[PDB]
Amino acid sequence: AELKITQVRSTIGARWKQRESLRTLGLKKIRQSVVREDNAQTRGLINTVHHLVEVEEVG
Amino acid sequence: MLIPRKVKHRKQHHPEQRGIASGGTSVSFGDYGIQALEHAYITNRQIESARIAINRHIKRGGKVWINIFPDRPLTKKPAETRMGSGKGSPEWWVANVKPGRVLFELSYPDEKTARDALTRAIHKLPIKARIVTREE
Amino acid sequence: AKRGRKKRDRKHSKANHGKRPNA
Amino acid sequence: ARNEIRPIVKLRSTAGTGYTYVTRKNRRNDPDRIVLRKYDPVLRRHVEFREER
Amino acid sequence: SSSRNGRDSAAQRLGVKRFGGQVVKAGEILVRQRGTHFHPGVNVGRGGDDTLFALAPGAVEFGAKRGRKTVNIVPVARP
RNA sequence: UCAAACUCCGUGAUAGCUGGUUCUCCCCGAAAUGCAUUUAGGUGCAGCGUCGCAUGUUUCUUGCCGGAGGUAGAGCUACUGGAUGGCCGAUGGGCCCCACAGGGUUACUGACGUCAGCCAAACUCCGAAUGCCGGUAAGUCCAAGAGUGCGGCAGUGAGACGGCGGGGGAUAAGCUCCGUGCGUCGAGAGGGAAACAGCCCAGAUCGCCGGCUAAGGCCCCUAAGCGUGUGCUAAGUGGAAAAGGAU
RNA sequence: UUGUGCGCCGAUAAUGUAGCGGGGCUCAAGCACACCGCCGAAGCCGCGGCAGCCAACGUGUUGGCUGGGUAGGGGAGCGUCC
RNA sequence: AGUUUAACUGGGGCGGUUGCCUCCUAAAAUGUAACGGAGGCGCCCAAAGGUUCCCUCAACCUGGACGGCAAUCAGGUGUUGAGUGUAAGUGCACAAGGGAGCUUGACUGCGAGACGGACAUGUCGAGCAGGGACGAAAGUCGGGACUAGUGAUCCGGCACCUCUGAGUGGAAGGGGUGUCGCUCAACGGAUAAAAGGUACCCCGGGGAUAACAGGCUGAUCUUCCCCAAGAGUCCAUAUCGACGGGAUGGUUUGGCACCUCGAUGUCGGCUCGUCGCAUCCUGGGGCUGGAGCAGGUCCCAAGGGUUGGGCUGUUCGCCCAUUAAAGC
RNA sequence: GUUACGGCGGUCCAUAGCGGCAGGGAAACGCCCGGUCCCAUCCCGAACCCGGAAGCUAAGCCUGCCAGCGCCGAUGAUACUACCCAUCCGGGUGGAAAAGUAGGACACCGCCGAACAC
Numbered sequence: 002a003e004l005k006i007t008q009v010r011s012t013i014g015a016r017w018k019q020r021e022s023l024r025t026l027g028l029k030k031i032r033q034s035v036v037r038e039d040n041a042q043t044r045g046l047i048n049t050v051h052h053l054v055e056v057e058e059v060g
Numbered sequence: 001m002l003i004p005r006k007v008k009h010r011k012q013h014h015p016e017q018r019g020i021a022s023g024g025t026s027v028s029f030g031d032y033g034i035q036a037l038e039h040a041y042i043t044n045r046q047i048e049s050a051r052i053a054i055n056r057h058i059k060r061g062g063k064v065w066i067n068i069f070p071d072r073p074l075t076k077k078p079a080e081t082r083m084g085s086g087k088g089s090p091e092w093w094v095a096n097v098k099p100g101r102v103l104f105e106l107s108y109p110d111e112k113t114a115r116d117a118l119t120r121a122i123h124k125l126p127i128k129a130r131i132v133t134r135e136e
Numbered sequence: 002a003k004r005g006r007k008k009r010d011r012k013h014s015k016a017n018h019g020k021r022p023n024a
Numbered sequence: 001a002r003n004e005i006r007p008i009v010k011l012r013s014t015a016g017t018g019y020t021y022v023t024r025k026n027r028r029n030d031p032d033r034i035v036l037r038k039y040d041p042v043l044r045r046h047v048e049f050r051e052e053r
Numbered sequence: 008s009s010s011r012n013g014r015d016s017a018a019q020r021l022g023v024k025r026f027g028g029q030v031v032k033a034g035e036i037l038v039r040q041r042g043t044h045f046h047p048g049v050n051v052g053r054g055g056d057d058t059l060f061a062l063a064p065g066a067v068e069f070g071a072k073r074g075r076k077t078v079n080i081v082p083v084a085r086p
């Protein structure tokens, strides 16, 4: 149902789109986690920044 | 010697050495061919040396096809000149050769002499290469 | 010769990941 | 550019009872200079000018 | 010992300026161009330099009319 | 002391030039690009910064729909040019029958066409991704401390290397010149790289004789594994290297 | 005879080993594939103090976000003399 | 006597160039540099402009008097390969190509909204009004198929105006509208007006910038190798091994310009060394087209030694006389 | 409504074209007769224009047939590529050609008019 996010890497060496999209998801620091919907918006952001986030699934 | 009789633009960029062959990846007109494996620019004098190497190793009768022609020049500029001040003049002519591409094709009956000849012509070239039969 | 090569070949280490500055 | 006696020469085109010089640059190795011409002047209307330099 | 080349000509900023979908007022310039790469259709006019422009407001539709890419304008819906 | 002395005065001459410019903390924070230039080491305006007011999310991101492109690539009896090998032989031509006309012959040179395989930054019947322009739907939202307009106050306008794409060069340079919502250094410490501005990780409010992790690494020097399992290596390979040679 | 994974020769400069960072290592302390743990930074967390922007409330309390910084812009202050 | 005498530039100089248009580079929007690659312009135009109407070429096949490869003609195929005033591109057969008749819009007064945009410049512009052209009318015409064909400002000049007229009335003069006068081409144009030397040189600065040296690369140079056409009486490999190819070393002529110009003292000689081996002799050795003496080529090998003299400033070199040998 | 009819148009304009075979002419489309009248040839009533209906569907045109000259054209794979991993090599998530192939296709649609009829 919902996706659970965990930021792993850092935003340094990282481009504008990746940085702005972490901001979009609400992630600023490392080890922050977010409970986000699994809609197309979210899936596209994760496709964008998969190397920065571990993604788990409650559902 | 191999050169064209005239090119429209006699100062060209350097060809690219990126990608694999699209055509000439299949022996066409003979029986025993040469196939490249690397990227390289092959000139006029190399191919002359190679065809002579083959004809002096069969020596009588048996045909040789050259599926390449040096239709792309390169520009040396005269010696001990500081960089700048233009682009040098064409002096030698290359053909680009992408991997998979076929250069030579022989038609001589005995495989012994033929394979040997192609090897002598391989050792006149800058590329790693191998020998091909028309078969699958 | 030697010096430039050893620079350009120390770059292929593991903690550099294939790249270094001024080669 | 300059004022040389260029092939494309001459100017001034004055009006009869119409003082509104209309200008045009033309050649002069051809014959003519006493016919054609027309245009709108001040207070007046579509009437006939000379090429008078 | 000279390179007799070197010259060039400054740009002219050609190409499309109002793509598909957009809202354009009147007299606005859709494309600047040398030849009629794109031709006029409906509610569209041509210039002297083969520029195009709008004659009626609306929105764009780059369609073809017998093999030639056109430009058009369609009626917006009044609010 | 002389390619035009010395002293006082003008005179505190002037220098697009070199140097130097003193106490503290708080907040934000660049640039090394463009056009012009008697100009290229300087400067003016635009660019990027901040302060104040105004306009309130208009900026940015992701998804979906609509639009032009002629790049990579590929293709060519789809045009302009190059070009490999065959078939024919007009047309040419040695030569023969000898009028030379005309009848022809012979590897002859081979159009044009024709079978097959090919190349191209200034060749394209074709044609990707990304990027781009607008619309829409949400997201971020006690914020990005975003955007736009205005006015004050400026600095910069000598950029470097690394990745990707490219020109000049010898497809050499720690070479030079352009691109890039790519990066870092500049202005950025700390850890790793043996030492090492630009590489990888990560962006330092101050303290703690607290804990978990990344890159990297665990025989001793050096804190952590002479760790487990299955195979290869005999060269000190590991811990530089080619064409090529070799039971 | 094909394709592979490690290997051999080719190999070769001048102060001193000197092209593992050293000792040393094949009774791998070397290469590969999987597995287990761990060490490790000024990163994140944990306990505390200060500060700036915003917001909520009450007669200045709390909370979230934030706080590297040169050219430079702005703000708030110590000190000396009369 | 006072002063000028340009800049770019892979140091400067010599050369070349400076503005505008077109194409590629240019990386599928726009834009983008180099002393990068190819060209062109500093015009022409009673029509080569406007409008109404009409038609389609080039090429090939054939026939055909001079006539041939081609001239004008006729008949077919011919979607467009010709031509478009002038370079190239984009377009043009629905023609913007070709042709014929009228003809002056190659006008005046304006201009919504837009592009591009440092700025000044620059580009199109529907639509309104007078007064017209053409056409039966609809409608098109504010130059040319499009983009280049030219130069800001100041100062003067010509025509017209119902603007002003230094007490009044006039006038000069100054204005205004339309217009002219510049290879100011170094083309955003320091003056209307300006070429050179300095080894007599001086000052301020710069490693932003060159020469010696270091450094990077290694075209070039040296050393070495690969393959083997042949030479070698035959015999590819005793010896030389072409045509091509691959690497070293960093000493050579050069490329870049990274530290040093608020000082790194530059050719050779002398004296004094020390190091490498890609070895001149000595020492050990394999093959021979090595009988023997002398050798030729190859491998290992650095301990020691490696002359004195003539010419040249010379390094290098040549010569003389010796040497076990007269090293790089 | 309808037939082998005519005319005006359209398709992001060849799936519609070219060529061959057969076949049709009621009214219409045509070709044809001739230059008296308007009008016209850079010369020509050939064309344009005018006046009529002797003649023929031969041609144009419409209908069916032939997938042959041309065109259209996928799925899947490949090339290339955005992003990420990766000490050179190469690889993973997504996107996705050209060519080739299977095949398609001798067009489709709209309006008015005729003829034909209840």
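Chains as they are written, first to last, in PDB author numbering: chain a, 2 to 60; chain N, 1 to 136; chain 3, 2 to 24; chain c, 1 to 53; chain X, 8 to 86. We put the CB at the ideal spot given by N, CA and C, even for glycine.
Query, Result
"According to DSSP, is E111 (chain N) helix, strand or coil?", "helix"
"Is the CB of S10 (chain X) under 9 Å away from at least one CB in chain N?", "yes"
"Exposed or buried, which one is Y32 (chain N) when buried takes at least 16 other CB atoms within 10 Å?", "buried"
"Report the neighbours of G86 (chain N) on chain X: residues whose CB is nearer than 7 Å to its CB, in chain order.", "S10"
"DSSP three-state label for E105 (chain N), please.", "strand"
"Kindly indicate which three-state DSSP category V42 (chain c) falls into: helix, strand or coil?", "coil"
"Closer than 8 Å by C-beta to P47 (chain X): which residues in its own chain qualify, once you throw out the five before and the five after it? Chain order, please.", "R53, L59, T77 and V78"
"Please list, in chain order, all residues of the same chain as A24 (chain 3) whose beta carbon is under 7 Å from its beta carbon, the five residues on each side excluded.", "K8, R9 and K12"
"Helix, strand or coil, according to DSSP, for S16 (chain X) in the structure here?", "coil"
"Between the stretch 87-95 of chain N and the stretch 28-45 of chain N, can you find at least three pairs of beta-carbon atoms closer than 8 Å?", "yes"
"Give the single residue among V67 (chain X), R14 (chain X) and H44 (chain X) whose Cα lies nearest to the Cα of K32 (chain X).", "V67 (chain X)"
"Less than 9 Å separating the beta-carbons of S10 (chain X) and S89 (chain N)?", "no"
"As an exercise, report each continuous alpha helix (DSSP H) stretch of at least 4 residues that is fully enclosed by the stretch 9-74 of chain N, in chain order.", "44-58"
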